[PDB]
Amino acid sequence: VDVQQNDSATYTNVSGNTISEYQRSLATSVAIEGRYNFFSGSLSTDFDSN
Amino acid sequence: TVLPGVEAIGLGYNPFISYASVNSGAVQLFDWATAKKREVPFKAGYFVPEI
């Protein structure tokens, strides 16, 4: 048997990192008024989406 | 003691497979366990074949 010295080392390192972020906002508002000498009217509407 | 590397010289070798490594090349051809040994002048206690 023929034995040869072969003292050796190898190293490898691979790493990946990722972040993804998405954001949305929506706002809506409506205000209405109505007037008559013997009547008053008001309406409001509000909407929010995230 | 034998000088490290005396097992690697005289190794039968293939030059195409790879650059200088003991993993290119097959088996030791020479009986240098048995040849006449000289001490190497710059390292006391280490010996090599006289050749």
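- Method of determination for the deposited model, per the PDB record: cryo-EM, at 2.6 Å resolution.

## So, the pairing of strand β2 (residues 39-49) of chain A
Residue and element names in this part refer to chain A.
- The sheet contact formed by strand β1 (residues 26-36) and β2 spans 11 bridges and is antiparallel. In the strand pairing of β2, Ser29 is matched with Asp46.
- Taking the residues between adjacent antiparallel strands as the criterion, β1 and β2 are bridged by two residues.

## Here's the deal with the side chain of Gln28 of chain B
- The topology assignment puts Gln28 of chain B in the segment before β1 (37-39).
- Using a relative accessible area of 16% as the deciding quantity, one classes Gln28 of chain B as buried.
- Of the polar contacts made by the side chain of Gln28 of chain B, one reaches the backbone nitrogen of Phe30 of chain B; its length is 2.9 Å.
- Ignoring any residue separated from it by four or fewer positions in sequence, one finds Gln28 of chain B in contact with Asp2 and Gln4 of chain A together with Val6, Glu7, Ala8, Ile9, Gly10 and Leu11 of chain B.

## With respect to the interface of chain B and chain A
- At the junction of the two partners, chain B supplies eight residues and chain A supplies five residues.
- By the criterion of area lost to chain A, the three top residues of chain B are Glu7, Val22 and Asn23 of chain B, representing 63% of everything that side buries.
- Counting the contacts that link chain B with chain A gives zero salt bridges.
- Taken together, chain B and chain A are joined by two residue pairs in polar contact.
- The class makeup of the residues in the side of chain B that touches chain A is five nonpolar, two polar and one charged.

## Some words on the packing of aromatic side chains
- Inspection of the entire model under this criterion finds two aromatic pairs over all chains.
- Note on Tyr36 of chain A and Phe38 of chain A: the rings are 6.3 Å apart at their centroids and 70° apart in plane angle, and the pair reads as edge-to-face.
- Consider the rings of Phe30 of chain B and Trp32 of chain B, whose centres lie 4.7 Å apart with planes at 15°: the pair is stacked.
- Taking NZ or CZ as reference, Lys43 of chain B lies 4.8 Å from the ring centre of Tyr46 of chain B, over its face.

## Side note on the pattern of salt bridges
- In total, this model carries two salt bridges over all chains according to the counting rule given.
- With a closest N to O distance of 2.5 Å, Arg35 of chain A and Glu33 of chain A form a salt bridge.
- Residue class for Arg35 of chain A comes out exposed when judged on its relative accessible area of 56%.
- Using a relative accessible area of 63% as the deciding quantity, one classes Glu33 of chain A as exposed.
- The salt bridge involving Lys36 of chain B is made with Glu50 of chain B; its shortest N-O contact spans 2.9 Å. Remark: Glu50 of chain B occurs in the segment after β2 (47-49) and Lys36 of chain B occurs in the segment before β1; sequence separation between them is 14 residues.

Rules and cut-offs
Residues numbered from 1 in each chain as written, not as in the entry; some residues may be left out. Chains lettered and ligands numbered in written order. Part of a larger assembly, values for the part shown. Heavy atoms only, no water. Pairing = 2+ DSSP bridges. Helix = DSSP H or I, 4+ residues; strand = E, 2+ residues; numbered from the N terminus. Buried < 20%, exposed > 50% of the residue type's maximum accessible area, 1.4 Å probe, protein only. Polar contact = N/O pair within 3.5 Å; in protein donor to acceptor, adjacent residues only side chain to side chain. Contact = heavy atoms within 4.5 Å. Buried area = accessible area lost by both parts, 1.4 Å probe. Salt bridge = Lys/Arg side-chain N within 4 Å of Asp/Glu carboxyl O. Nonpolar A, V, L, I, M, F, W, Y, C, P; charged D, E, K, R; others polar. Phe/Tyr/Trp six-rings, centres within 6.5 Å; stacked < 30°, edge-to-face > 60°. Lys NZ or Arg CZ within 6 Å of the ring centre and 35° of its normal.

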